[PDB]
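Per chain, numbering begins at 1; letters A, B, ... match sequence-line order. These numbers come from the heavy atoms of this one structure, side chains and all, not from hydrogens, waters or symmetry mates.
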2 protein chains.
Amino acid sequence: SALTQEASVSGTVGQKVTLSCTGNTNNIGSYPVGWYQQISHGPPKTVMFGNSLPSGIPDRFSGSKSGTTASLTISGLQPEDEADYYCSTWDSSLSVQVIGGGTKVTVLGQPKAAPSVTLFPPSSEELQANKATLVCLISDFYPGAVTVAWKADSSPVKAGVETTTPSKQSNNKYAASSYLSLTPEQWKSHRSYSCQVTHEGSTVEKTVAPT
Amino acid sequence: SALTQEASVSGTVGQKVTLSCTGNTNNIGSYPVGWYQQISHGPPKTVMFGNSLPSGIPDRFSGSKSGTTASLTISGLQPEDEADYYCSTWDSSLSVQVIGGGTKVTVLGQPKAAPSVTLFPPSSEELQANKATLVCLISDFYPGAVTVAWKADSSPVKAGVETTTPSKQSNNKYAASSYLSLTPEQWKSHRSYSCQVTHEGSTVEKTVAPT
Ligand SMILES: [Br-]
């Protein structure tokens, strides 16, 4: 996505909370930014546009912009704000409206939990079949929204990544998976591979290497 | 909602489907309508603005509008067209972007595919940390509904099992993962552990062993 939003932004009731939306000079750096809110699967509604507060929305919501990063601040987080928030703007470089991935804003009803990250190399059984897959297990995190990035050696992998939608497990925390399909030629040629998981203020990165 | 959309619409592969967006004179009747596609609660993409086709969106998407009702027509439904579609415009009585409730498009008759199962033994990084985790990667299956059962040697295992709800990946197929938490001594005390995946009455099972 041309616009980058954080995965999860949470806090207790009455807490000052801030979302961000990062792009480039051809979208956020020169065009107004709108923020839309969607609860469950209900109808989305505009809650901020061009740093201007729409009629009917409370003034706890405030929008600002500095360079290529727009922000939505919620001064006094309340339970009725628990929703997904999407930012969007016009992208003159592509001549189309452009929308970010969305941020899940959660009112904490349970302790915030950073995720456990376990990186699995390709088993010898799979490589004996001329196949290679790496799995990055993301477990026991709340709220259920994370950002995953992969690195070949120390350079990012810009293709081949598949990350599952977080799902709630039996302990009421969330779990997800991110797998990367390779060939035996790449797994041996590279010195290491990395999976990086971002959950609010916590970022965990695991690294594995061929035997 | 100020904009009215049908809740859900279905159609087989190759059918022509038309979604409608109903509004007012101060919003739909006066201003261009944009259509936005959201998948797997992923980043949404605009598929039609002002009845004109953006770049990269195939020709099968066409837009029309007459009076206070705008329409998006999708000829030749494909698996990747299956999504939620939202329409939005500018309202003039109010001064806001307004969004409809969305239309869930379900593409029928998509090809079936058995899941590819990959069972990962506990990594060396976590065995040295006195941990043990088996991960059963399930991918490339349609439809998106599996049932996972584990085995220690030949005995069923339930305690320590968590399975992710399937989610659609970039190939329009589903992916999930089930993980079993063990201690390092359970892991070597047994001959093997197994992960059985059942999809559409047919079973795929994998088996791993220590070191
Ligand atoms: Br702005």
Colleague: Please rank A:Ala176, A:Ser170, A:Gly102 by heavy-atom pairs under 4.5 Å with chain B and give me the top one.
Modeller: A:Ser170

Colleague: Determine whether B:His41 and A:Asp84 make a side-chain contact, defined as any pair of heavy atoms from C-beta on separated by less than 4.5 Å.
Modeller: yes

Colleague: For A:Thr165 and B:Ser167, which heavy atoms make the closest approach, and how far apart are they?
Modeller: N-OG, 3.2 Å

Colleague: Ignoring hydrogens and geometry beyond distance, is a side-chain donor-acceptor pair present between A:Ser139 and B:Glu162 at under 3.5 Å?
Modeller: no

Colleague: What do you reckon, is NZ of B:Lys65 surrounded by more than 12 foreign heavy atoms closer than 6.0 Å?
Modeller: yes

Colleague: So how far is it from A:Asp140 CG to B:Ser181 OG, rounded to the nearest 0.5 Å?
Modeller: 7.5 Å

Colleague: Can you tell me how far apart OG (A:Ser116) and NZ (B:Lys131) are? Round to the nearest 0.5 Å.
Modeller: 5.5 Å

Colleague: Can you say whether A:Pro122 sits under 4.5 Å from chain B via the side chain, the backbone, both, or neither, judging by heavy atoms?
Modeller: backbone

Colleague: So what's closer than 4.5 Å to chain B heavy atoms on A:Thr133: side chain, backbone, both or neither?
Modeller: both

Colleague: Taking side chain as everything from C-beta outward and backbone as N, CA, C, O, which of these in A:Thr46 sits under 4.5 Å from a heavy atom of chain B? Side chain, backbone, both or neither.
Modeller: both

Colleague: Taking every non-hydrogen pair under 4.5 Å, which of A:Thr163, A:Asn171, A:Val161, A:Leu3 racks up the most with chain B?
Modeller: A:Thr163

Colleague: Is atom NZ of B:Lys151 surrounded by more than 12 heavy atoms (other residues, nucleotides or ligands) closer than 6.0 Å?
Modeller: yes

Colleague: B:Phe120 vs A:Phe120 aromatic rings, parallel, tilted or perpendicular, using cut-offs 30° and 60°?
Modeller: perpendicular

Colleague: Is chain A contacted by the side chain of B:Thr164, its backbone, both, or neither, given a heavy-atom distance below 4.5 Å?
Modeller: both

Colleague: What's the separation between atom CD1 in B:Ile138 and atom OG in A:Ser177, rounded to the nearest 0.5 Å?
Modeller: 9.0 Å

Colleague: Restricting to non-hydrogen atoms, name the atom on A:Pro54 and the atom on B:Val96 that form the minimum distance, rounded to 0.1 Å.
Modeller: CB-CG1, 3.5 Å

Colleague: In terms of heavy-atom proximity below 4.5 Å to chain A, should B:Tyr174 be classed as side chain, backbone, both, or neither?
Modeller: neither

Colleague: First locate atom OH of B:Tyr36, then atom OH of A:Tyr86, and finally report the distance between them rounded to the nearest 0.5 Å.
Modeller: 14.5 Å

Colleague: Restricting to non-hydrogen atoms, name the atom on A:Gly100 and the atom on B:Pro44 that form the minimum distance, rounded to 0.1 Å.
Modeller: O-CD, 3.4 Å

Colleague: Restricting to side-chain contact (heavy atoms from CB on, under 4.5 Å), what partner residues turn up for B:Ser92, sequence neighbours left out?
Modeller: B:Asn26, B:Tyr31

Colleague: For A:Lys45, look at atom NZ and say whether over 12 heavy atoms of other residues, nucleotides or ligands are found less than 6.0 Å away.
Modeller: no

Colleague: Taking atom CD of A:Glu125 and atom CG of B:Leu119, what is their separation to the nearest 0.5 Å?
Modeller: 8.0 Å

Colleague: Against chain B, label A:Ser52 side chain, backbone, both or neither, depending on which of its atoms sit under 4.5 Å from a heavy atom there.
Modeller: neither

Colleague: Can you tell me which portion of A:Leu94 sits under 4.5 Å from chain B's heavy atoms? Options are side chain, backbone, both or neither.
Modeller: neither

Colleague: So, do A:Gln38 and B:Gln38 sit near enough that their side-chain heavy atoms are less than 4.5 Å apart?
Modeller: yes

Colleague: Quick check on B:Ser124 against chain A: is it the side chain, the backbone, both or neither that has a heavy atom closer than 4.5 Å?
Modeller: neither

Colleague: Using a cut-off of under 4.5 Å on heavy-atom pairs, state which of A:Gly56, A:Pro43, A:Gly42 scores highest against chain B.
Modeller: A:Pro43

Colleague: Do you know which of B:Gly34, B:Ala175, B:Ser55 has the most heavy-atom pairs under 4.5 Å to chain A?
Modeller: B:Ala175

Colleague: Below 4.5 Å from any heavy atom of chain B, which atoms of A:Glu126 appear? Answer side chain, backbone, both or neither.
Modeller: side chain

Colleague: Need one label for A:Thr207: side chain, backbone, both or neither, based on atoms under 4.5 Å from any heavy atom in chain B.
Modeller: backbone

Colleague: Could you tell me which portion of A:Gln5 (side chain, backbone, both or neither) has an atom closer than 4.5 angstrom to a non-hydrogen atom of chain B?
Modeller: neither

Colleague: How long is the straight-line distance from OH of A:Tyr179 back to CD of B:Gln169, given to the nearest 0.5 Å?
Modeller: 4.5 Å

